[PDB]
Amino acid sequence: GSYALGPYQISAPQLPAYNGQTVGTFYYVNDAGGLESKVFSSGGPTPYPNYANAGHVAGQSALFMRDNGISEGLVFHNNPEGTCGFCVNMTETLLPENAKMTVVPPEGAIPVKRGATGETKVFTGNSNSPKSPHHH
């Protein structure tokens, strides 16, 4: 159960036991060839409150990639119900065009609501961008 990030072959790191708030670890490769990690916890403040997936682990990872121009990313999260339907449908919007982010739920994740998946998904970014919000 390992995943290819450039020349690195990475498996799931130890994540906190799911307490209701999803937590994930994100990995990318910097300009020097080294591997960098960053820990994300779902549901902080966000530039895109009009995007239901922006505050999730995969959404924060995608905005971190867009913001920093990262072309390829890997992220593991701890949610036994899997990646939700908003993530599945909106990450490619959040992503910059042709960026690749693979999202890995915990082993044996079982989706229970519409749209969710318990399987690894590889999102590739599309030319659309997140609409900037308003004060409704």
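Residue numbers run from 1 along the displayed sequence.
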query: Of 7 to 15 and 118 to 126, the one with larger mean CA B-factor; finding: 7 to 15
query: Stretch with the greater mean C-alpha B-factor as recorded in the entry, comparing 84 to 92 against 38 to 46; finding: 38 to 46
query: Largest Cα B-factor, entry values, listed residues 52, 32, 63, 104; finding: 32
query: Chain thirds of CA B-factor: placement of residue 72; finding: middle
query: Residue 109, C-alpha B-factor rank within chain (lowest, middle or highest third); finding: highest
